């Protein structure tokens, strides 16, 4: 009977149908946002969603028997699996965080549809030749986040009171958002040489970013 199901799963119909449900589920997730829609089609959608998750679980089971070990060595299948699994965890209990993670299922449209797979794949394959720089950077933040914490945390708890608060603030400085009016001008009211810390940090972190980008451009060419 193995081959009987394999010619179902491997069919065009099967894929087209799933892709069809992804888009339907996606559309319905956005309608589930409208307070108006939910007082009308309230029960309608509550059932429609328990229906779709069933079809998807069936799909992932069928896909598993047709593929066995190959299934759990496909990044895309694993994504489909974990995403369907999250959706399976009961609507209540623990925190509601899981209920929100459901909408990550709509990334199945990247899985189920080729060409989408293609771009995601092209985008991701660029990451490996970055990890040496990403590591350098992370070490860099960590060194500066520790300095910032012990230089500015006492008088500026909100922004630098904690290693993590300093990571957060430095990230903001890196994105250059309000770094002068919001952070360094206030800081200099107490610590007039604070600029000696932040101008260099901005130069280095900016410089590295520019190189990181150059990398990706020259290497693709």
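Positions refer to the first chain, counted from 1.
Of the two segments, 67 to 75 and 130 to 138, the one listed with the higher mean B-factor is 67 to 75 (C-alpha atoms only). On average the C-alpha atoms of 88 to 96 have higher B-factors than those of the other stretch, with 88 to 96 and 104 to 112 being the two compared. Between the residues 171, 193, 48, 156, it is 48 that shows the highest Cα B-factor in the PDB record. For the set 60, 188, 31, 163, the PDB entry assigns the largest Cα B-factor to 60. Annotation for residue 13: C-alpha temperature factor in the highest third relative to the rest of the modelled chain, per the entry.
The deposited CA B-factor of residue 182 belongs to the lowest third of values across its chain.
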